[PDB]
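Read through the structure below, which is laid out as C-alpha coordinates, and then see the notes.
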Amino acid sequence: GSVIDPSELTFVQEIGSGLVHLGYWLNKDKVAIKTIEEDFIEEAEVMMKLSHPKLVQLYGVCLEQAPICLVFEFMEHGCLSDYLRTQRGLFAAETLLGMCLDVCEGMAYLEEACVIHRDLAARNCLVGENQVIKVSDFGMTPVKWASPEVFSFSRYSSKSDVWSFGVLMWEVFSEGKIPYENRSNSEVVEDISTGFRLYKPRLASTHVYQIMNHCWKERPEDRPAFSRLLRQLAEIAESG
Ligand SMILES: C=CC(=O)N1CC[C@H](Nc2nc(CN3CCOCC3)cc(Nc3nc4cccnc4s3)n2)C1
(Lines give C-alpha, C1' and ligand atoms only; values in the text may rest on other atoms or scores of the structure.)
Protein backbone atom coordinates (compact mmCIF):
# COMPACT_ATOMS: atom_id res chain seq x y z
CA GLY A 1 0.00 0.00 0.00
CA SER A 2 0.93 3.61 -0.54
CA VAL A 3 2.28 5.55 2.48
CA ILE A 4 0.68 9.02 2.71
CA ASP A 5 2.24 12.23 4.04
CA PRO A 6 -0.09 14.19 6.40
CA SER A 7 0.54 17.41 4.35
CA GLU A 8 -1.46 15.68 1.57
CA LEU A 9 -4.57 15.51 3.71
CA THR A 10 -7.17 18.16 4.35
CA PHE A 11 -9.45 17.58 7.34
CA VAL A 12 -12.84 19.07 6.53
CA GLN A 13 -15.26 17.70 9.08
CA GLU A 14 -15.19 15.38 12.09
CA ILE A 15 -17.85 12.69 11.55
CA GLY A 16 -17.08 10.12 14.32
CA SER A 17 -15.24 9.43 17.62
CA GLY A 18 -14.83 7.11 20.70
CA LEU A 19 -11.68 9.66 15.52
CA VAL A 20 -12.97 9.79 11.92
CA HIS A 21 -12.90 12.80 9.59
CA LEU A 22 -14.25 13.49 6.17
CA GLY A 23 -11.32 14.98 4.27
CA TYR A 24 -9.53 15.14 0.89
CA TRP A 25 -6.38 13.46 -0.33
CA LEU A 26 -4.37 15.63 -2.73
CA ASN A 27 -7.24 18.16 -2.77
CA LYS A 28 -8.86 15.64 -5.03
CA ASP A 29 -10.33 12.44 -3.50
CA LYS A 30 -12.87 12.44 -0.65
CA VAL A 31 -11.62 10.21 2.05
CA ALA A 32 -12.53 8.94 5.52
CA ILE A 33 -9.48 9.50 7.72
CA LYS A 34 -9.43 7.34 10.83
CA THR A 35 -7.10 8.56 13.57
CA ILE A 36 -5.63 6.17 16.18
CA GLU A 37 0.15 1.08 16.68
CA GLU A 38 1.67 -2.06 15.06
CA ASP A 39 -1.82 -3.61 15.30
CA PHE A 40 -3.64 -0.67 13.65
CA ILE A 41 -1.15 -0.64 10.75
CA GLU A 42 -1.23 -4.47 10.33
CA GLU A 43 -5.01 -4.40 9.74
CA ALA A 44 -4.44 -1.88 6.92
CA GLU A 45 -1.86 -4.16 5.21
CA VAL A 46 -4.20 -7.19 5.40
CA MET A 47 -7.11 -5.21 3.91
CA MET A 48 -5.04 -3.69 1.08
CA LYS A 49 -4.60 -7.17 -0.40
CA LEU A 50 -8.29 -8.24 -0.13
CA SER A 51 -10.06 -6.93 -3.20
CA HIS A 52 -13.80 -7.52 -3.42
CA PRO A 53 -16.63 -5.20 -4.48
CA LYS A 54 -18.40 -5.60 -1.07
CA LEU A 55 -15.29 -4.92 1.11
CA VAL A 56 -14.17 -1.36 1.89
CA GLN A 57 -10.89 -0.13 0.32
CA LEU A 58 -7.98 2.00 1.51
CA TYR A 59 -6.02 4.70 -0.26
CA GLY A 60 -3.18 4.26 2.18
CA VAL A 61 -1.69 4.78 5.62
CA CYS A 62 -0.19 7.83 7.22
CA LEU A 63 2.89 7.06 9.34
CA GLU A 64 4.17 10.65 9.64
CA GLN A 65 3.46 11.41 13.30
CA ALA A 66 1.34 10.13 16.21
CA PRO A 67 -1.59 9.99 16.26
CA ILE A 68 -1.17 7.93 13.04
CA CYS A 69 -4.05 7.35 10.65
CA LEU A 70 -5.62 5.20 8.01
CA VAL A 71 -7.00 6.72 4.78
CA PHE A 72 -10.06 5.00 3.41
CA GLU A 73 -12.44 5.63 0.53
CA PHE A 74 -15.37 7.73 1.76
CA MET A 75 -18.64 5.81 1.98
CA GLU A 76 -21.32 8.49 1.41
CA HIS A 77 -24.06 7.18 3.73
CA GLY A 78 -22.04 6.06 6.74
CA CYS A 79 -22.47 2.98 8.85
CA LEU A 80 -25.29 0.57 8.16
CA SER A 81 -26.65 0.68 11.67
CA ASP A 82 -27.14 4.45 11.67
CA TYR A 83 -28.46 4.43 8.09
CA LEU A 84 -31.14 1.79 8.88
CA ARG A 85 -32.24 3.92 11.86
CA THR A 86 -32.41 7.33 10.14
CA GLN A 87 -34.35 5.81 7.15
CA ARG A 88 -36.76 3.71 9.21
CA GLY A 89 -40.08 3.24 7.39
CA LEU A 90 -38.59 3.95 3.94
CA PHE A 91 -37.35 0.47 3.01
CA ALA A 92 -39.00 -2.20 0.95
CA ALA A 93 -38.28 -5.72 2.09
CA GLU A 94 -36.41 -6.52 -1.15
CA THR A 95 -33.98 -3.63 -0.47
CA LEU A 96 -33.33 -5.09 3.00
CA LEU A 97 -32.68 -8.58 1.56
CA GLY A 98 -30.32 -6.93 -1.00
CA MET A 99 -28.34 -5.45 1.88
CA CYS A 100 -27.92 -8.86 3.50
CA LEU A 101 -26.82 -10.27 0.11
CA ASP A 102 -24.14 -7.56 -0.23
CA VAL A 103 -22.70 -8.40 3.17
CA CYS A 104 -22.85 -12.11 2.50
CA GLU A 105 -20.98 -11.79 -0.81
CA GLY A 106 -18.17 -9.99 1.05
CA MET A 107 -18.14 -12.56 3.84
CA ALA A 108 -18.04 -15.43 1.37
CA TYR A 109 -14.88 -13.92 -0.12
CA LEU A 110 -13.32 -13.49 3.39
CA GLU A 111 -14.32 -17.07 4.26
CA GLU A 112 -12.60 -18.43 1.11
CA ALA A 113 -9.49 -16.36 2.05
CA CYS A 114 -9.51 -17.95 5.58
CA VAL A 115 -10.08 -14.48 7.07
CA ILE A 116 -12.19 -14.40 10.25
CA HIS A 117 -13.87 -11.05 10.89
CA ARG A 118 -14.53 -11.54 14.64
CA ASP A 119 -16.74 -8.42 14.99
CA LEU A 120 -19.35 -8.61 12.25
CA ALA A 121 -22.33 -6.28 13.01
CA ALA A 122 -24.28 -3.53 11.23
CA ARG A 123 -22.06 -0.89 12.81
CA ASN A 124 -19.06 -2.41 10.99
CA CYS A 125 -20.65 -2.22 7.56
CA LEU A 126 -20.81 0.94 5.45
CA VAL A 127 -23.35 2.27 2.93
CA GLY A 128 -22.30 3.74 -0.41
CA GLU A 129 -24.15 5.21 -3.36
CA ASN A 130 -27.22 3.30 -4.42
CA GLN A 131 -27.31 1.67 -1.08
CA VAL A 132 -24.46 -0.67 -1.83
CA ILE A 133 -23.20 -2.24 1.43
CA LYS A 134 -19.51 -2.98 2.08
CA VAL A 135 -18.01 -4.86 5.01
CA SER A 136 -15.51 -2.82 6.99
CA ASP A 137 -12.89 -3.45 9.77
CA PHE A 138 -12.13 -6.98 8.52
CA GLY A 139 -8.42 -6.92 9.12
CA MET A 140 -8.24 -7.83 12.86
CA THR A 141 -6.37 -10.90 14.24
CA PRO A 142 -19.73 -7.39 22.40
CA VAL A 143 -21.64 -10.45 23.53
CA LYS A 144 -24.78 -9.63 21.51
CA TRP A 145 -23.13 -10.69 18.25
CA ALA A 146 -21.12 -13.60 19.67
CA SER A 147 -21.85 -17.30 19.15
CA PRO A 148 -21.88 -19.46 22.29
CA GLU A 149 -18.54 -21.09 21.52
CA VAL A 150 -17.15 -17.53 21.23
CA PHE A 151 -18.66 -16.12 24.43
CA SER A 152 -17.74 -19.20 26.46
CA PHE A 153 -14.42 -20.34 24.93
CA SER A 154 -13.07 -17.79 22.40
CA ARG A 155 -13.36 -20.26 19.53
CA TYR A 156 -13.49 -17.91 16.55
CA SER A 157 -14.15 -19.30 13.04
CA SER A 158 -16.07 -18.52 9.90
CA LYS A 159 -19.04 -20.32 11.48
CA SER A 160 -18.87 -17.90 14.47
CA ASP A 161 -18.95 -15.08 11.86
CA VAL A 162 -22.02 -16.81 10.46
CA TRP A 163 -23.75 -16.46 13.87
CA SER A 164 -22.89 -12.73 13.90
CA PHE A 165 -24.29 -12.53 10.32
CA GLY A 166 -27.64 -13.85 11.53
CA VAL A 167 -27.76 -11.06 14.14
CA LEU A 168 -26.82 -8.49 11.46
CA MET A 169 -29.74 -9.84 9.38
CA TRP A 170 -31.96 -9.20 12.40
CA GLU A 171 -30.58 -5.62 12.63
CA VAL A 172 -31.33 -5.04 8.88
CA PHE A 173 -34.85 -6.45 8.87
CA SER A 174 -35.65 -4.65 12.14
CA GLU A 175 -34.29 -1.48 10.58
CA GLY A 176 -31.67 -0.79 13.21
CA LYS A 177 -33.25 -1.88 16.45
CA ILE A 178 -30.74 -2.86 19.15
CA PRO A 179 -30.71 -6.62 19.75
CA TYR A 180 -31.52 -7.78 23.31
CA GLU A 181 -32.12 -4.13 24.19
CA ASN A 182 -31.60 -3.37 27.87
CA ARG A 183 -30.54 -6.99 28.63
CA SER A 184 -27.19 -7.38 30.43
CA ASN A 185 -24.32 -9.43 29.01
CA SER A 186 -25.11 -12.00 31.73
CA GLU A 187 -28.78 -12.01 30.72
CA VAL A 188 -27.98 -12.55 26.98
CA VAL A 189 -25.65 -15.50 27.64
CA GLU A 190 -28.30 -17.14 29.87
CA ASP A 191 -31.17 -16.58 27.44
CA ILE A 192 -29.15 -18.03 24.53
CA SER A 193 -27.99 -21.08 26.53
CA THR A 194 -31.63 -21.95 27.34
CA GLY A 195 -32.57 -21.79 23.59
CA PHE A 196 -33.95 -18.23 23.32
CA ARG A 197 -33.55 -16.46 19.96
CA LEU A 198 -34.27 -12.93 18.73
CA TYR A 199 -37.89 -12.46 17.68
CA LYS A 200 -38.92 -12.36 14.02
CA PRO A 201 -38.88 -8.73 12.77
CA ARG A 202 -42.21 -7.85 11.11
CA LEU A 203 -40.54 -7.00 7.75
CA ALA A 204 -38.90 -10.43 7.72
CA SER A 205 -40.74 -13.23 5.92
CA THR A 206 -41.06 -16.77 7.34
CA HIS A 207 -38.27 -17.92 4.95
CA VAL A 208 -35.93 -15.09 5.98
CA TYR A 209 -36.42 -16.03 9.66
CA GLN A 210 -35.60 -19.67 8.95
CA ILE A 211 -32.28 -18.53 7.56
CA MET A 212 -31.65 -16.36 10.60
CA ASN A 213 -32.29 -19.45 12.74
CA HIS A 214 -29.95 -21.67 10.73
CA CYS A 215 -27.25 -19.05 11.48
CA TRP A 216 -28.02 -19.32 15.23
CA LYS A 217 -27.75 -23.10 15.52
CA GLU A 218 -26.02 -24.01 18.78
CA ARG A 219 -23.25 -26.02 17.06
CA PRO A 220 -21.09 -24.27 14.49
CA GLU A 221 -21.03 -27.42 12.34
CA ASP A 222 -24.85 -27.08 12.09
CA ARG A 223 -24.60 -23.59 10.59
CA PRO A 224 -24.21 -23.03 6.83
CA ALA A 225 -21.10 -21.53 5.36
CA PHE A 226 -21.35 -18.08 3.76
CA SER A 227 -20.97 -19.52 0.24
CA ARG A 228 -24.06 -21.60 0.83
CA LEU A 229 -25.95 -18.82 2.71
CA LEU A 230 -25.37 -16.60 -0.31
CA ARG A 231 -27.33 -18.89 -2.59
CA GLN A 232 -30.07 -19.45 0.04
CA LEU A 233 -30.54 -15.72 0.26
CA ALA A 234 -30.59 -15.31 -3.55
CA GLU A 235 -33.14 -18.11 -3.98
CA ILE A 236 -35.48 -16.34 -1.61
CA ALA A 237 -35.12 -12.99 -3.44
CA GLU A 238 -37.21 -14.55 -6.25
CA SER A 239 -39.73 -16.67 -4.31
CA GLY A 240 -40.13 -16.18 -0.52
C1 LIG B 1 -21.11 3.89 14.30
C2 LIG B 1 -20.87 4.90 13.46
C3 LIG B 1 -19.44 5.14 13.16
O4 LIG B 1 -18.56 4.45 13.66
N5 LIG B 1 -19.15 6.16 12.29
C6 LIG B 1 -17.83 6.56 11.86
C7 LIG B 1 -18.08 7.66 10.87
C8 LIG B 1 -19.47 7.34 10.44
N9 LIG B 1 -20.16 8.44 9.85
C10 LIG B 1 -20.12 8.70 8.55
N11 LIG B 1 -20.95 9.68 8.16
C12 LIG B 1 -20.89 9.97 6.87
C13 LIG B 1 -21.76 11.08 6.32
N14 LIG B 1 -23.10 11.13 6.86
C15 LIG B 1 -23.86 9.91 6.52
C16 LIG B 1 -25.37 10.07 6.68
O17 LIG B 1 -25.86 11.22 5.96
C18 LIG B 1 -25.21 12.37 6.52
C19 LIG B 1 -23.71 12.31 6.24
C20 LIG B 1 -20.03 9.27 6.04
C21 LIG B 1 -19.23 8.27 6.54
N22 LIG B 1 -18.33 7.52 5.70
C23 LIG B 1 -17.36 6.66 6.01
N24 LIG B 1 -16.62 6.05 5.11
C25 LIG B 1 -15.74 5.22 5.76
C26 LIG B 1 -14.79 4.38 5.21
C27 LIG B 1 -14.01 3.62 6.08
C28 LIG B 1 -14.14 3.69 7.44
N29 LIG B 1 -15.06 4.50 7.97
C30 LIG B 1 -15.82 5.22 7.14
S31 LIG B 1 -17.05 6.29 7.67
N32 LIG B 1 -19.24 7.95 7.83
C33 LIG B 1 -20.15 6.96 11.70
Side-chain angles (χ1 to χ4, degrees), residues 1-4 6 8-26 28-37 39-63 67-91 95-96 99 102-103 105-107 109-110 115 117-140 142-146 164-165 167-172 174-181:
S2 285
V3 182
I4 289 167
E8 294 168 4
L9 299 169
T10 310
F11 294 79
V12 178
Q13 177 67 37
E14 181 177 309
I15 56 178
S17 78
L19 228 254
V20 192
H21 286 73
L22 165 58
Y24 298 105
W25 182 42
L26 305 171
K28 183 191 178 291
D29 301 299
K30 288 179 180 166
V31 296
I33 308 166
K34 202 174 207 183
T35 279
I36 188 75
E37 285 184 351
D39 310 303
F40 206 54
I41 291 154
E42 173 64 19
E43 299 185 11
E45 307 292 326
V46 164
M47 293 185 285
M48 287 192 295
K49 303 175 165 171
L50 295 165
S51 186
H52 183 280
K54 304 306 170 44
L55 295 184
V56 76
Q57 298 193 290
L58 279 86
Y59 277 101
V61 320
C62 182
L63 297 158
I68 68 200
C69 64
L70 306 191
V71 186
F72 287 95
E73 68 181 316
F74 180 74
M75 294 294 285
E76 296 263 313
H77 289 100
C79 70
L80 172 60
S81 46
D82 292 345
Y83 186 78
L84 291 161
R85 289 162 199 174
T86 70
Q87 304 289 306
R88 187 164 306 158
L90 302 175
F91 294 111
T95 302
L96 300 171
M99 290 174 167
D102 281 348
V103 169
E105 292 176 2
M107 294 306 304
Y109 177 90
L110 292 184
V115 169
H117 192 293
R118 291 191 181 79
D119 193 19
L120 183 64
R123 62 187 144 85
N124 283 320
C125 296
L126 296 158
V127 186
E129 277 296 291
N130 289 310
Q131 309 176 105
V132 156
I133 310 303
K134 299 194 193 192
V135 186
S136 189
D137 293 330
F138 51 90
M140 288 183 281
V143 162
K144 298 175 171 192
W145 290 261
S164 311
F165 176 81
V167 178
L168 180 158
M169 284 184 71
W170 182 99
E171 294 180 275
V172 167
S174 74
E175 297 176 310
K177 292 274 183 188
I178 301 152
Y180 325 91
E181 184 172 16

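Both counts, for ligands and for their atoms, begin at 1 and track the order of listing. In what follows, every heavy atom counts, from backbone to side chain, and hydrogens, waters and symmetry copies are set aside. Throughout, numbering of the chain's residues begins at 1 and tracks the sequence.
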Can you tell me which portion of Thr86 lies within the under-4.0 Å heavy-atom range of ligand 1? Options are side chain, backbone, both, or neither.
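For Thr86, there is no contact with ligand 1 at all, from either part.
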Proximity to ligand 1 by part of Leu22, non-hydrogen separation under 4.0 Å:
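For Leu22, there is no contact with ligand 1 at all, from either part.
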Just to be sure I'm reading this right: ignoring hydrogens, which of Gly78, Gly16, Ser81 gets closest to atom 32 (N) of ligand 1? Compare them by their nearest heavy atoms.
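Heavy atom nearest to atom 32 (N) of ligand 1 belongs to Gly78.
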Shortest reach to atom 29 (N) of ligand 1 by a heavy atom, considering only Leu126, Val31, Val71, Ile33:
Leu126
Answer yes or no: is there a side-chain heavy-atom contact under 4.5 Å between [X] and [Y]?
{"X": "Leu96", "Y": "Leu84", "result": "yes"}
{"X": "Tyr109", "Y": "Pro53", "result": "no"}
{"X": "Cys125", "Y": "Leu120", "result": "yes"}
{"X": "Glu105", "Y": "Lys54", "result": "yes"}
{"X": "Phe138", "Y": "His52", "result": "no"}

What are the atoms of ligand 1, with element, lying closer than 4.0 Å to any heavy atom of [X]?
{"X": "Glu73", "answer": "24 (N), 25 (C), 26 (C)"}
{"X": "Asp82", "answer": "2 (C)"}
{"X": "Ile15", "answer": "7 (C), 10 (C), 21 (C), 32 (N)"}

Please determine which of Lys34, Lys30, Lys134 meets the salt bridge (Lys or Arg N to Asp or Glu O under 4.0 Å) test together with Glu73.
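Of the listed options, the one satisfying the test is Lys134.
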Please list the nearest protein heavy atom to [atom] with its residue and the distance rounded to 0.1 Å.
{"atom": "atom 3 (C) of ligand 1", "answer": "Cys79 SG, 4.2 Å"}
{"atom": "atom 25 (C) of ligand 1", "answer": "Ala32 CB, 3.4 Å"}
{"atom": "atom 17 (O) of ligand 1", "answer": "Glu76 O, 4.6 Å"}

Protein non-hydrogen atoms only, distance under 4.0 Å: does atom 5 (N) of ligand 1 have such a neighbour?
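Given the 4.0 Å cut-off, atom 5 (N) of ligand 1 does not count as touching protein heavy atoms.
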Flag: protein heavy atom within less than 4.0 Å of atom 22 (N) of ligand 1
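Within 4.0 Å: yes, protein heavy atom nearby.
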Polar contacts were defined as any N/O atom of the residue lying under 3.5 Å from an N/O atom of the ligand; does this apply to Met75 and ligand 1?
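The answer is yes, given that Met75 and ligand 1 share an N or O pair closer than 3.5 Å.
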Between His21 and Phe11, how do the two ring planes meet: parallel, tilted or perpendicular, split at 30° and 60°?
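Plane angle over 60°, so perpendicular.
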So with a 6.0 Å cut-off around NZ of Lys144, is the heavy-atom count from everything else above 12?
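Count over threshold, so yes.
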Please determine whether any non-hydrogen atom of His77 lies less than 4.0 Å from an atom of ligand 1.
yes
